[PDB]
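Since every read-out is calculated from the coordinates, none of them should be taken as a lab result. FYI the Cβ positions are ideal-geometry reconstructions off the backbone, even for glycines, and counts take in every protein chain you see.
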DNA sequence: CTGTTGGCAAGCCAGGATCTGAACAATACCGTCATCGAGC
DNA sequence: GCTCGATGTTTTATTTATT
RNA sequence: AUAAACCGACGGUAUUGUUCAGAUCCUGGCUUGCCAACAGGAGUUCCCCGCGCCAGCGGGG
């Protein structure tokens, strides 16, 4: 019972310019529940199932930073290692992500993605966005601090 | 392969006031995962390798008791932790029992409290090995050292 | 059915109701996970010393190893019924120890005594030496009929429920009682990592700091009490009581097991919680439900709801699998639905 | 009935009323979820040291482990009534410690002392001295009547309520007390993720940065205080007092448990909140309603309303389930006699629940 | 097949169901790790003395053995060593159309025949012979009214049997019960409070105790059971086997049970037929690690083990598995049973 | 039927001290060799 | 067929470490 | 059918009573989100029906 992350990535990359343009326009993830093209995208990924649908909200909202923002690589590079590898993010901003409340965290993450334009392993990040909670924030900070401090 | 415990000791010793102050206010070992200064401290000592992770959590907690609470003193085996705690003459035996009988995370809290009280003089790499393993044998040994010394 | 099975699910707020040699909470590994434990002996003594027990069942036995102090007590209590000599010799015959005027006379081990039972016995001793009947033959004669002595155990029911052994004296032959009931240690249905209380004692003549700094282990818990009464044995141990009397006693055991909680650290933690769930079941052979909690209950809007649910599910699995159909009543509060504990108690009183 | 149960639901604005050795809030896992905690001992000290106690009950006990300081204090306070020799001798008998002129004499542990009680003992020791009575024999004959000593506990009620332990001295026979009042650690009905105040200290002679940086854990909460008084024990501990007196004391305990709040960090967090809900339940066996919050109360226009809700509901369930028909009287700020004012509840408790 | 293999997984709450001369839990090293143990003798006694056993095996129908009906086959069997005079005299004094005969009966009767022959040779009889052989006769009589108990469990500790043929092994073999996982036992530090002692308690002690998921194994020699029942049928043997299954699934030693009360039933019972009896204990040679309890991983490990080795070990043959859990099942070669009774009936009908 | 791109994301400096960590009482008993002849 | 009781024989080795 | 066979280590038991973690403390100074833009194109609509100039109009769906 897991969302095929790579399939969703491909679905987004192949999606018509119009629909994805409609999706990027959203300001916060909940607003995605008012866009038709959204459902049209996340329908073959079990949007009917609630847990899957919160997960999907986050995943799509991160995928809507741009279409060439998140260059999916493949072993795997975590989000922390990626944002650290960009060299464009300072630690205080990562803190400003992991301390942010509901919805706001996703916005800050979107801005961080636009800013860093990270090369990462997407399915890993998808798993992270699914269990978005104290453990993933923690390991995010861990990866970021380590990768930064090695340089 | 094995954690350079003295290097970690000196590292902790010449750490800036800030990072140190951040590591100190932790209230249980796992919380050290929230402090960036911790990662920057233990990264050269093999943190990105899991076994080392657990060991280092214990070590850095015990050190987080304070910069001047664990006095390293070279070998003339060397002063074991139990011996040190007894040598302080401040620690009641019953507390040592309660320590060696305790369970995970609680044991480290109680140990840090004991260390804070005794301010022990000991062979630090030795205690570091002990913390690395920390099986039931090590805890019994702690208790028996403490008893034989008094 | 011969067996009365009592199951209790009881939640306790933060407390420390049972500790070991080092004042830490008693625990037990179950299903690979640590559970907080309340020992069965603690439960039994908590029950037998309760006000309810005193009002409804009677006097708890007198458990002691100090035979001199006991001698004095019996003299004070059985003095206007017997002469001191007979009392002394009776104690000396039951214990196997010489009862003189020593300051300290010690028995073989801690042993439960019933004052009434002793009275009956010294009646027998009186009528024995009066008929010039020595001690050995007296032992034979008394060995020929034990039921009477067990009616003297009707005067000390906790011995009829929990049992008694003796290694010395005539008790060795006459006081050998196998407990009627049977009871398990209370273990939590979930894993527990016990909290620690860092406390200080503030001195009113010491301005600087405190006079004591210490730690105290404690925790919250959803405990599973189990206890089945053997019944035919309860009838035997009471001298041949009826099934009604045994059923009523069992009812009292249900009430106590549902409501009694050890007084340990309750003047400073006060976990005076009654059982949220109680279930009684008649059966041919004993059945414990502890394996409902072999897989530790994971929290879900509390530990109590998933515990009761898990209990019910396992109960159904067992009943369906082994084809058990003994009468059963559950009282719940969160097989029977028992709006009140009293209805469940009367239901038990009436053979189910 | 014998048992007076006291339930309190009280909300505190963000604060830190009880902390450990790490300046962290005291907590307790209940129903699988963290609850901010206020220990019983803190409540008790906050009560016996409170102005209300002093004005309504009297002087609290003198709790100390330093027998030298205590020696001096007793020498001063009883010097107008006893020879220093028998004051010293008395303290030495009670403590099981030798009292000379040492600057440092330590007891076994922190012990509750009542000056009037020790004075009474001084009268006794004086009489024994005048009758050339062996110290052992004095212990014997004094052991034959604990009641009087407990009247001397009338002069120190906090001991009568919370008890006293003894490991050395004559106290081990004469001074052991079972607390009448039992009380629980106040725990939040809901889950709590405590916040952190990251503070500075600005040095007026330092331009670049602050002199100190730190963090302090704090949180708001809806606490469930529970405390039942045992009563017959309260009459016994006071030397055979009357039920009426015990009821007056119990009433005072209700007031305090409804109004008294620990002084910790109140100078900088000032969570001086009075209790919104107070139910005294008269009854026959001790009963705690903590399990009403076993399932963590979830927020719904506050934690207060849903908490009083859950409490009332579980109260009903238990009441009819176990057939508890004792008296039962409650007071609130929003079969169970309802009271508009706390004072009417108090007056109700004084009248044996009528 | 000739053998019935009975496998049981049964989980016990904190208890001490079998100890040694130091009151320590019995254990055994398996796969280099300590397992708590319940000895074979304790388990088998727990069965043999149980009420269920007494009702269904003790008071069985084939219980009583009539020396009368056994006259002819005895007459030939012993007829080669003794003549019919001595044989009939023996039979008649013992008692005061059968096809076959239980070997221990033949043996003991043959001994009695030796005795009465040597009694005639020396010139003696009357109450002399009936006082020399009083206790012996009493014995053989009590045993002659316990045929099923003797066939299943073997002769009792004090039997009266006198011949090499009267060394009756039970038909059932019970292995020691061992836990499927490593166990570090718990300690209970208890006090005994004196009601006459002010300071402290009157006794202090410790009691070792532990939980545990146990694996009971037992097998039944059908042929030997029939032969020890005077040439009974396979079906009757299967009824006895049914009872053995029930007892091995429900019976628990009474040791320390008054105070720890581990009255737990089996969570899994499997029965399979084979020519070679095998224990599936090697399913737990690598000690089972706990994942949400020790029970589910134990059953799972059992299933996986069976799936792996059953074919090669020649365990092909009838196999049924009653279970309370919903863990992924065995190979489809094993017939699943929802109630214990359906399993027992599956056993009655020869699988 | 059709939805875009570039360019850019900061630095300084600062995290404390005082003082305190308990005592008493209690840790069991039985049986798991044998002989002989006597009294019962 | 036993339970009773006196009775054949014989014991002591220590005492501060560190996976 | 193996130093095998047959074959319980058994019974009794509160770890108890006493206890603030506490006093002091700005997170603070600087900063456009900005530049381009018709919502227009495109009559497929699958039936029953009534009246025609055959172009196309209606009522019921």
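Summary table below
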read-out	value
FRET E, pair residue E:308, residue C:309, Förster distance 41 Å, beta-carbon r, rounded to 0.05	0.70
Solvent-free Debye scattering, log10 I(q)/I(0), computed from the Cα coordinates of chain E at q = 0.11, 0.12 Å⁻¹	-0.82, -0.91
Shape parameters for region D:23-139, alpha-carbon atoms, Rg then Dmax in Å	19.4, 64
For region A:1-84, alpha-carbon Rg relative to the globular expectation (2.2 N^0.38 Å, N residues)	1.08
Least to most buried among B:25, B:94, A:137 (fewest other Cβ within 10 Å first)	B:94, B:25, A:137
Fewest-first ranking of D:255, C:212, D:185, using other Cβ atoms within 10 Å as the exposure measure	C:212, D:255, D:185
Using a Förster distance of 30 Å, the FRET efficiency for residue E:335-residue C:316 (Cβ separation, nearest 0.05)	0.85
Spin-label model distance (nm) - residue D:207 vs residue E:275, 7 Å beyond Cα toward Cβ	10.2
Förster radius 60 Å - calculated FRET efficiency between residue A:43 and residue B:19 (Cβ-Cβ, nearest 0.05)	0.75
Values of log10 I(q)/I(0), in the order q = 0.04 Å⁻¹, for the protein assembly as shown under a Debye, Cα-only, solvent-free model	-0.33
Semi-axis lengths, Å, chain A, gyration tensor of Cα atoms, sqrt of 5 times eigenvalues	25, 16, 15
Mean projected area (nm²) of the alpha-carbon convex hull when region C:10-77 is viewed from all directions	7.7
Sorted by Cβ density within 10 Å, fewest first, the residues E:276, C:279	E:276, C:279
Mean Cβ count within 10 Å, highest first, over the residues of peptides E:21-27, A:42-48	A:42-48, E:21-27
14 Å reach of a label modelled at residue B:94, 7 Å along Cα-to-Cβ, counting backbone N of region D:95-110	D:108-110
Pair residue D:165, residue D:196: separation of 7 Å Cα→Cβ label points (nm)	3.6
Shielding by other protein chains, D:55-65, mean Cβ within 10 Å	2
Shape metrics for region E:80-125, restricted to C-alpha atoms - Rg then Dmax, Å	11.1, 35
Helical contribution to [θ] at 222 nm, DSSP H n ≥ 4, -39,500 (n - 2.57), averaged over chain B, rounded to 500	-18500 deg cm²/dmol
Tail beyond 21 Å, pair distance distribution of region D:101-260 (Cα, percent)	64
